[PDB]
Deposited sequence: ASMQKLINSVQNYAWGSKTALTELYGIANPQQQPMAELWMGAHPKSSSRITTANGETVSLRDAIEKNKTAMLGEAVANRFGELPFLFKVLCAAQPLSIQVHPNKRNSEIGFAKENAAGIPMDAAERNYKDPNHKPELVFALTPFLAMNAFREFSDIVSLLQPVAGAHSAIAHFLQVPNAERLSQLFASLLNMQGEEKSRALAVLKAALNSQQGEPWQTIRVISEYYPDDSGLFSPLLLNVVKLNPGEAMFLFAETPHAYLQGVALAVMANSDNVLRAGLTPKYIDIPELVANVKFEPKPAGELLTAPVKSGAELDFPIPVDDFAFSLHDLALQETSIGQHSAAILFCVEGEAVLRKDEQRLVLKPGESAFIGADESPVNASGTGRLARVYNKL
């Protein structure tokens, strides 16, 4: 078959919503398990499957790389270079940073030399560029706030810690770095003091990011990450909006449902909202302490015919949305593609074959099977490579 409907995995991580996937797409969950992530791709741990008998998408690609991926992706990556997910965050997730490519390679080589098997921040030598696209209103943190914004936010908790006072004396990148590390490094009475002052300020301060801090404290009451919304931009993505997560930039998924597309990596440098040990010097060596203005946080899409492209500044993946109507639209690429029904209903056509996609269902299109003709109502999301 030319268009392959995907059989996808649902990760039942503790933080997932028990209802979102059911409410959105009619996905069954008779025992009310948390359903955190719906995986669309060829990940070795849990590959999407296709019906021929079902076979692993990963194994199918590996048997015919050039035909499935196209020559460009095949020669550059040697595999499907992205993973595509529905993320259903009922609880706040950890604050994360991903090193750039060069440092991810060095980190990988360092840990190989040390002999850490998989207990381990650099499981591979890849970067992890990522894009998030809101399906429901989506609360996140992304990047450092403007210095004067940080200054405005920290003065009501200046007595929490001397590193805060130190930054407020001279609000620059060096002291932002020290404050960042000092906050993550807090211990005992230093930490309880700082956390006591923050909690009290929640009663005298109103609105954002204070409300977000309160939200997070329900799940992470003893975490120094509670200060991060005073350092990092808090963004509330409306459904249809998107944001790219740059290398060396702290970010966190706090609440809601989104599409996430990322290059293939399991590397992560945690920067709070987690019970796990954190290599602070490593984290700091891989963070760029440059403020990002709110005006530059969202990805500005480009609309052309029925196609809404979200420009991505890396080659690892591309992402677009497609308006469906009664009249058909050809959707074509020089790579493999995964098509996902966001809303409405998609009828795909390749020569003789029809494939219907209801919301939340997805299909894999091999490079050699592009293009397809799409019609129906609502919107289809596509992940692919532009190369």
Against the full deposited sequence, which stretches does the structure leave out?
53-55, 123-125
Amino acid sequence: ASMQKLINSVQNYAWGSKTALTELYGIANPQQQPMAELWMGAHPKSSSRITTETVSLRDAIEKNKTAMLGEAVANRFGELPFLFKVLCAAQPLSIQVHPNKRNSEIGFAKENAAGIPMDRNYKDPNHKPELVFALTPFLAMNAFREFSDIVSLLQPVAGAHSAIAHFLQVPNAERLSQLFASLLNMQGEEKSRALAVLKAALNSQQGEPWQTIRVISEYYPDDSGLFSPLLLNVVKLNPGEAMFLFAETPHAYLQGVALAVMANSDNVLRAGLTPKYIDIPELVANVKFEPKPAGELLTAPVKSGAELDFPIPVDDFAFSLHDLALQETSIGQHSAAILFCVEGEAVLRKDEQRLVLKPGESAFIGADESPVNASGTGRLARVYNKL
From here on, numbers count along this sequence of modelled residues.
For 204-212 versus 297-305, entry-based mean Cα B-factors point to 204-212
Mean B factor on CA atoms, stretches 12-20 and 368-376, record says higher is 368-376
Pick out which of 145, 236, 128, 199 has the highest C-alpha B-factor in the PDB entry.
199
Selection by C-alpha B-factor (highest) of 86, 116, 93, 184:
116
Modelled-residue ranking by C-alpha temperature factor, third containing residue 54:
highest
Where does residue 7 sit by CA temperature factor within its chain: lowest, middle or highest third?
middle
Temperature factor at the Cα of residue 152, chain-ranked in thirds, falls in the highest
Can you work out whether the C-alpha temperature factor of residue 224 puts it in the lowest, middle or highest third of the chain?
middle
Quick check on the deposited entry: does the C-alpha B-factor of residue 41 sit in the lowest, middle or highest third of its chain?
lowest
